[PDB]
Each structure stands twice: as C-alpha cells, then as structure tokens.
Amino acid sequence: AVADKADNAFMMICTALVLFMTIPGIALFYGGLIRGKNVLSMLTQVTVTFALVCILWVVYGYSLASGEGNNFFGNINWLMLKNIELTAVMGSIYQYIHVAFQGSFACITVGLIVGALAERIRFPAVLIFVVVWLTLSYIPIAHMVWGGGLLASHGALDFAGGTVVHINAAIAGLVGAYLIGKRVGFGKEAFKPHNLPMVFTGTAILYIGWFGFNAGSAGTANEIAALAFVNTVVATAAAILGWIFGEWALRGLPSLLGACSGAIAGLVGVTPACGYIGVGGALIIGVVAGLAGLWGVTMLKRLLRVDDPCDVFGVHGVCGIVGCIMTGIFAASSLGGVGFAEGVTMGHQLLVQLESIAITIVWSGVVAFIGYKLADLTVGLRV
C-alpha cells in the first residue's frame, strides 16, 4: 500500500517511547527495588540483554514473529530483514517502522524478566535464557497473537500485549524466581525506602512510554490510538486510586510503592483492553486491576515473605490476567466497547480470553523452564 507520513511519524515516536520503557524505564524501576550491591549488575544485564534482543529481533525474531507461516510461528524469509524493500508498507506505515515497534515490545518484555532476576542469575546464564525464551516463547506467542497465529485466529482480544508481554514475562519471571533462590541479607528484608524515588522515576518513565506502547498498537494516529491513549490515562489513574484505597483500608496508610504498583497494575490491566473498551470500562478495569494487583503481591509476600523485585511479576501476571479477561467483557458496545468480532458473544469471547491466558501461561512456563535448565546445565544459573 502507501505509507501515511503521519502514521510513520506517530509510530516511530511510539517506538521510541516503548524503547524508553526498557532503557531506562524498567532498569530504574528495578534499580530502586534491588539492593545497591546488585544494581550495577542488573543494569548491565538489562542493557546487554536489551542489545541482544534488538539483534535477535532483526536477525530472525521479526521474520518468525510477523512473517506468515502457521499458527505458532512465521517464516525465515525476512532474516536480517531480507526481501523487505525500504518502501514496503505494513498497514499504513513503512514496514521498517513496524519492525522496530514490534522489536521494542520484545525488548520491554525481556526487560521485565531480566530486571527482576538479574541480581540472582549469572550473566552468561541470562544470555542463554533470553535467547531460548525469546526465540521459543516470545516469538511464537507474538506470532500467535499479532502474527495471525493461533490466538488471533480464535479472535483473542489483546490490543497491546496483555498476553504477549505481561503474562508471558510474568510467568517466565515467576518460574525463574521459583528455580533460582536468593539469599536475603539481614536488614534487607524490605525494599529500601531511600531508593524508592528511583522506583517512582522508573514507574513514571514506564507510564510515559506506555502511551507509545498502548496507543502505538493502533498502528496509526487514528481514533483508536486516541481511545487507547485516553484509556491508558484513565485505567492507570483508576488503578493507582484502587490500589491506594485497598492499601489504605488494609494498612491504614498509602505508600509510594503502592501508588507506583497501582500505576503499573492499571497499565498492565488496560494493555490488552485499551483499544477495545470505553473510558468507563477503562476506569473499572483500572480499579479492579489495582485491587487485584494489591491482592497479587500480598499473596506473593505470603510465599516469599520478603520484599523482592520478583513481586513485580505478581502485578504483571495477575493484572495481565485480569485485564485479558476483562477485555472479553468491556469490549462489548453495551459497555461502550468497540464490539466483538463476527458471531461472537461475550460468553464466547471470555472463553477465548481464558484460552489465550491458559496457553500463554503454559507455553511461557515450559519454555522458561527449559531456558533456565539449559542455562543451568551449561554455565550454571544462580550466582
């Protein structure tokens, strides 16, 4: 087709915003959650795995994720972007922009995992994990949801990655936390308050970059991007208030960490729904995502019993799940949503949402397990 310069402009900036989410967004976020002694190692691992993902994406990730193929993966006709004319158009933008935008999603997904596990995993081991998990979990899932694969064929609703990014990463991260133990030093049982401003800063950057993430998923600076933008604002705000409210009634006082976690919970929750729901649905998904996130990290604390950066997966996993399910409800026009596909009823959509969640959790869990084992058996996992 023909590229619309406005969309090209919008999508390259949105891509920049998404990249901003990982570098330095996620890094600053986790930087404030981990003990100073491991921050440098974590930043190094986030930076290098980010670089690794960028390369793997252009080499074959894009071709296998977005190339046409079967229900689980594409092809290798676009290795190193071969056979893609610079003027090739995907949707209403130059395919090259589509490559970068999609590549940035792969980056933040990996960032979510590495940023949390970096401190407990050997450097070479994380590299092996990234290669395996990106290649066998992210790419297939990305293809299944956005590459016209399985989940897409079933009509799974996931505007910006509730499954591909959040649930996908949350599971890979939780398995990592399960397989790799971590020694909590004395006095380091709770997140250091003095470092919370960095968590806030990371949260803020993720929030800002998330607009490129959510609105950019419209693929064009149109009314759907506008809707996604507004829902992102509302859902995030709603989740902050919801989490803070739940925390207020649960602890008698709100906390900075709670407010930030709430922001993330709403961002994760609205991710799959932003372009399919109305502002009213965004507010509701936001409040629920915030309360669900609080519930989620509270449960993780019962297991870990200590503040751990991996608590982040509790928010991404739970809110990712909540948002994905809620999308199946609020996508309805009766609720101000965009509507379901042909012959689709809310009941059927919910089931498809559950299937997507189910498949993502299992697929990512298995691939991650394999990834961690391969790393362990080769160079050794735990530091």
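All residue numbers are counted from 1 along the displayed sequence.
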property	result
Stretch exceeding the other in mean C-alpha B-factor - 238-246, 300-308	300-308
Higher-scoring stretch by recorded Cα B factor average, 318-326 or 30-38	30-38
Highest recorded Cα temperature factor - choice among 102, 77, 217, 231	77
Selection by C-alpha B-factor (highest) of 93, 117, 106, 267	117
Chain thirds of CA B-factor: placement of residue 4	middle
Entry-reported Cα temperature factor of residue 98, expressed as the chain third it lands in	lowest
Chain thirds of CA B-factor: placement of residue 70	highest
CA B-factor ranking of residue 158, expressed as a third of its chain	middle
Third assignment of residue 12 from its chain's C-alpha B-factors	lowest
